[PDB]
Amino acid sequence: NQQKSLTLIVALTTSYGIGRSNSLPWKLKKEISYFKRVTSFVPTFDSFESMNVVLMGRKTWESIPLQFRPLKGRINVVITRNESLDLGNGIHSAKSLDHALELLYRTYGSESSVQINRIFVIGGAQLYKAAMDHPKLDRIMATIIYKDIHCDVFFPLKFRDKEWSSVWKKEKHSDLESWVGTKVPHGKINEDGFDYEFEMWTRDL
């Protein structure tokens, strides 16, 4: 198992809502563009050898548009307890998150040209719950949607809340930029009648 820290990436409403009907309930081209920069960005000196990983629960797998997967420029892994068959061409599936990480280490060791850079968990709610409890999860890339859209699926831990304020802290914008490496818009962004904003929350292991 593990060596490296985990990063969770989520887009949620102020009520912690994350989806409805096996879909993320909004249409945001610039917010989806953000997901893509974060999840495929590796430093220049390292982009040479290094590739990122996206860990996801299979309903999130399903939920993705046939057109966009396997997500490109990334190692895709699907967490499924009933790993029967996985339709893909180099797409891994694992029994759980620790299984996914031994799998990757094993598979991207010394007999490889492709090294792992950063590891991201992309959801859904059941995979977000297990990560939140992993001793290696130390950062949450969150996109806050300033609107109470109807959702039926919720993020499992109210991390921006008063109850978690001694563990999870919001980081300065300048450090969110420095971590993702692309400059990023500060404050509210308006796209299709929705208000949103990017944040970076961190905890000490």
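Numbering starts at 1 and runs along the sequence shown. Between two forms, the rigid core is the largest collection of C-alphas that superpose within 1.5 Å.
Between stretches 41-49 and 146-154, the one whose Cα atoms sit farther from the displayed model in 7 other deposited structures of this protein on average is 41-49 (core-aligned, root mean square).
After superposing on the rigid core, the larger RMS C-alpha deviation in 7 other deposited structures of this protein belongs to 22-30, the other candidate being whichever of 22-30 and 136-144 remains. Between 1-9 and 195-203, the higher mean Cα B-factor belongs to 1-9. Of the two stretches examined, 145-153 and 37-45, the record assigns the greater average C-alpha temperature factor to 37-45. Residue-level inspection of the entry shows that, of 96, 113, 117, 76, 113 has the top Cα B-factor. Among the modelled residues of the chain, residue 184 sits in the highest third by CA temperature factor in this PDB entry.
Annotation for residue 178: CA B-factor lies in the middle third of the chain's modelled residues.
In this PDB entry, residue 67 carries a Cα temperature factor that places it within the highest third of its chain's modelled residues. In the PDB entry, a CA B factor belonging to the highest third of its chain's modelled residues is recorded for residue 85.
Among all modelled residues in this chain, the alpha-carbon of residue 54 has a temperature factor (C-alpha) in the middle third.
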